[PDB]
Number of protein chains: 2
Amino acid sequence: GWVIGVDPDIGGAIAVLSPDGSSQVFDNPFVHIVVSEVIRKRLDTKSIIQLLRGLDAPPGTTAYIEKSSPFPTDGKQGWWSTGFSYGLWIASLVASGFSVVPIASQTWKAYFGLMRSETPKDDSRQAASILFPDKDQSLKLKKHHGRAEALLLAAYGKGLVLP
Amino acid sequence: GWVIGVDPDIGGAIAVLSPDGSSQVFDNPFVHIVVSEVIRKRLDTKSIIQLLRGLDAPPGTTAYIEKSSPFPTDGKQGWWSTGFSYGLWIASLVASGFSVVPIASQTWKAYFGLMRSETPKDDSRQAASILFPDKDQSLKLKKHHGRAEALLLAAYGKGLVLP
DNA sequence: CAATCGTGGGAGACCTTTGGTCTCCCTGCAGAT
DNA sequence: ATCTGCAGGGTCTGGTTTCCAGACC
DNA sequence: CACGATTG
């Protein structure tokens, strides 16, 4: 009945689907940090864990998380940060009682027919709006594709289908 | 009082110092994982959380953790893994109730007079043997430097000094 | 704040002290015992 | 099982597959 | 994707 979806990146999000069909999606909490004398964004460990502790999803609920798979052409910092986000979320989810299933981007994109798209981010928001019409206003912006990815991971995990 | 030290990497370890002077150190739990058709060690998230939950250190105890600082010349996989281990430990520690204080390796090495050695791993084990003589048997092997780093991080936060 | 674009990048602590100097890991995989 | 050495590296799902093709942040 | 930077 309950399913969680997590886009773990800095502009990512967590989506919670209840058995009555309602849904919530939360932007990933972050803070601004100093590194090598510049500012950078970092996930907010305590707010994530606090977020997970107030969810109504019971222990045992499966959380489907986007598998970390950076391109070899991405910088060493890209690799560090996606590795870090992944581990922070995985530990946080496990410590808060949820079962964690990593899902490759190719898996849920094939499942919703999103593969090989020229506008993959827009498409993911369009698909999330169709599957979660009451979230349509929370998906209007280009920067909301993180919210879309989370909802689509949860929708994948629940076995939802597009019309 | 109570202090925790964490070497977060795959051969790392967590050390726990109690107020009566006694000490425990545990090797970091790991599992073997298939990745891109080869086998790789990865930290064991469940076992880490379970270990933290069995510690007698009370809530709010400070956990000193080695800051992740990979070299610009380490490969992107190096960056991903150290980022991943760091995030996994930080979240496990916050979620289990401990305060987290990252410590740069240069900080506890300067504190114990270990800067600029040509056998830094052996030296770290030697220093932790002197600080924790009842752990001397658990530091015999060169692969035990991670146990030594965890113990020294904890010794740093407790303010211990070498004779 | 929201978008977009192009390339892929250390970070840290203390000093010489408002910028300079110098220090620091680890992963992943072959091979030897 | 422990260690030594050395350069710094994608990974993943469908292939009704035996390593390939194509795909992804 | 992250990391900078620019542009309304």
Side-chain angles (χ1 to χ4, degrees), chain A residues 7-12 28 30 32-43 65-86 102-111 114-117 119-122 124 140-146 149 153, chain B residues 7-12 28 30 32-43 65-86 102-111 114-117 119-122 124 140-146 149 153:
Chain A
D7 175 349
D9 307 315
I10 199 75
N28 281 353
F30 64 88
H32 288 95
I33 296 308
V34 167
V35 186
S36 297
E37 310 179 323
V38 305
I39 298 294
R40 290 199 197 145
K41 296 162 88 301
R42 289 291 175 262
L43 290 174
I65 185 166
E66 174 96 349
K67 205 169 291 183
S68 185
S69 202
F71 290 11
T73 39
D74 298 347
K76 65 198 77 172
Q77 288 162 354
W79 280 68
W80 190 92
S81 288
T82 64
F84 173 83
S85 289
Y86 199 53
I103 299 299
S105 68
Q106 300 93 327
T107 299
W108 61 264
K109 284 164 183 278
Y111 178 89
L114 302 177
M115 210 76 88
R116 203 40 175 150
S117 163
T119 60
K121 292 187 181 192
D122 294 337
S124 75
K140 304 181 190 288
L141 295 196
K142 298 290 290 293
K143 80 189 294 285
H144 289 157
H145 68 99
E149 166 168 319
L153 285 157
Chain B
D7 173 358
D9 303 301
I10 198 81
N28 282 352
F30 65 83
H32 291 108
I33 289 314
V34 174
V35 169
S36 214
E37 298 187 335
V38 305
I39 289 297
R40 274 181 210 170
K41 283 189 211 60
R42 293 289 186 250
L43 288 167
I65 180 161
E66 172 116 346
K67 292 187 189 188
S68 168
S69 255
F71 288 18
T73 53
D74 304 343
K76 68 207 54 149
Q77 284 161 346
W79 283 70
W80 187 95
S81 280
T82 62
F84 175 81
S85 287
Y86 196 54
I103 295 291
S105 68
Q106 300 96 333
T107 287
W108 62 263
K109 277 162 184 290
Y111 179 82
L114 295 166
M115 291 289 246
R116 204 51 180 173
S117 170
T119 61
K121 284 186 185 179
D122 300 320
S124 81
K140 293 191 179 313
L141 301 181
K142 294 195 189 298
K143 77 183 289 177
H144 280 153
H145 68 259
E149 170 175 315
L153 281 160

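Residue numbers begin at 1 in each chain, while the letters A, B, ... track the order of the sequences.
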Looking for any heavy atom pair under 4.0 Å, which part of the strands does B:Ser105 touch: base, sugar-phosphate only, or nothing?
-> sugar-phosphate
Mind checking the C1' distance from C:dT33 to D:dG8? Whole angstroms is fine.
-> 26 Å
Could I get the full list of ring pair (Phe, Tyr, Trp, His ring centres under 6.0 Å) partners for B:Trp80, not counting sequence neighbours?
-> B:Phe84
Expressed in whole Å, how much space separates the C1' atoms belonging to C:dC25 and C:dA11?
-> 11 Å
So what does A:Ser36 hit on the nucleic acid, given a heavy-atom distance under 4.0 Å: a base, only sugar-phosphate, or nothing?
-> base
Intra- and inter-strand pairing of DNA chain C, written as dot-bracket with Watson-Crick and G-U pairs under 3.5 Å and | for the latter, reads .|||||||.((((((...)))))).|||||||.
What is the pairing partner of D:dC19, taking Watson-Crick or G-U wobble pairs with both distances under 3.5 Å in any strand?
-> none
Identify, with sequence neighbours excluded, every residue that meets side-chain hydrogen bond (donor to acceptor under 3.5 Å, both in side chains) alongside A:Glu149.
-> none
Please measure how far the P atom in D:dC25 lies from the corresponding atom in D:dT13, and state the result in whole Å.
-> 14 Å
With centres under 5.5 Å and planes under 30° as the test, does B:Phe71 stack with C:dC25?
-> yes
Quick one: list whatever passes side chain to side chain contact (heavy atoms under 4.5 Å, CB included) with A:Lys41, sequence neighbours left out.
-> A:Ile10, A:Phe30, A:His32
By ring pair (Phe, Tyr, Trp, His ring centres under 6.0 Å), B:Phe71 pairs with (sequence neighbours left out) none
Residues passing the side-chain hydrogen bond (donor to acceptor under 3.5 Å, both in side chains) test with B:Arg42, sequence neighbours excluded, are B:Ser81
Give me the first and last nucleotide of DNA chain D, going 5' to 3', that has any atom under 4.0 Å from a heavy atom of chain B.
-> D:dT2 to D:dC19
What is the nucleic acid contact for A:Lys121, judged by heavy atoms within less than 4.0 Å: base, sugar-phosphate only, or nothing?
-> sugar-phosphate
Which part of the nucleic acid, if any, lies within reach of A:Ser81 when heavy atoms closer than 4.0 Å are counted: base, sugar-phosphate only, or nothing?
-> sugar-phosphate
Quick one: list whatever passes salt bridge (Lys or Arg N to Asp or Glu O under 4.0 Å) with B:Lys142, sequence neighbours left out.
-> B:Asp122
Of the nucleotides C:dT27, C:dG10, E:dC1, which one has an atom closest to the side chain of A:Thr82?
-> E:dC1
Kindly state which residues belonging to residues 72-80 of chain A come within less than 4.0 angstrom of DNA chain E, counting heavy atoms of the residue only, listed by number.
-> A:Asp74, A:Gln77, A:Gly78
Name the nucleic acid region contacted by B:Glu37, choosing base, sugar-phosphate or nothing; use a 4.0 angstrom heavy-atom cut-off, strictly under.
-> base
Residue list, side chain to side chain contact (heavy atoms under 4.5 Å, CB included) with A:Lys140, at least two apart or on another chain | A:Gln137
Partner residues of A:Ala110 under the side chain to side chain contact (heavy atoms under 4.5 Å, CB included) criterion, sequence neighbours left out = A:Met115
Residues that B:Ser36 engages under side chain to side chain contact (heavy atoms under 4.5 Å, CB included), provided they are two or more places apart | none
